[PDB]
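# Results of the structural survey
Okay, here's what each chain looks like letter by letter:
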Amino acid sequence: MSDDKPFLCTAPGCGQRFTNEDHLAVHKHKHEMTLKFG
């Protein structure tokens, strides 16, 4: 699109990129909530 808006994840070393914020959400959620599954 005209404004693809590259969603750059704010994570150390990882900093992945996605097409939507949806994928960034789940991606960041697990990074931040490292306590998940524990």
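Residues numbered from 1 in each chain as written, not as in the entry; some residues may be left out. Heavy atoms only, no water.

As deposited in the PDB, this entry carries the title "STRUCTURE OF TRANSACTIVATION DOMAIN OF CRE-BP1/ATF-2, NMR, 20 STRUCTURES".

## Side note on the overall build of the chain
What counts here: By the criteria applied, helices consist of DSSP H or I runs no shorter than four residues and strands consist of E runs no shorter than two, each listed in order from the N terminus. We call a residue buried when its accessible area falls under 20% of the maximum for its residue type, exposed when it is over 50%, and partly exposed in between, using a 1.4 Å probe and counting protein chains only. For the area figures, the Shrake-Rupley method with a 1.4 Å probe applies, and any residue is considered shielded solely by the protein chains shown. The charge count treats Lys and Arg as positive and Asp and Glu as negative. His and the chain ends do not count. Throughout, a charge is located at the NZ atom of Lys, the CZ atom of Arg, the CG atom of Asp or the CD atom of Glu.
Counting its regular elements, the chain contains one helix and two strands. In the chain, the succession of helices and strands from N to C terminus is β-β-α. Overall, the C-alpha framework of the chain stretches about 40 × 20 × 10 Å when taken along its three principal axes. Out of the 38 residues in the chain, the part that is buried amounts to 16%. Of the roughly 3300 Å² of accessible surface on the chain, 59% is carried by carbon and sulfur atoms. Side chains of the chain carry 5 positive and 5 negative charges; the gap between the two charge centres is 7 Å.

## Section: the side chain of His 27
Test applied: Working rule for contacts: check all heavy atoms of both residues, and any pair within 4.5 Å makes them a contact.
Assignment of secondary structure puts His 27 in helix α1 (residues 21-32). Given the relative accessible area of 9%, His 27 is considered buried. Contacts of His 27, omitting those with residues within four sequence positions, involve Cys 9, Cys 14, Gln 16 and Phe 18.

## Things to note about unusual backbone geometry
Here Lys 5, not a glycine, exhibits a phi torsion of approximately 55 degrees, which is positive. Position of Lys 5 among the secondary structure elements: in the segment before β1 (7-8). Positive phi, close to 60 degrees, is recorded for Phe 37, a residue that is not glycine. Turning to its location among the elements, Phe 37 is positioned in the segment after α1. Residue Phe 37 is classed as exposed on the basis of its relative accessible area, which comes to 83%.

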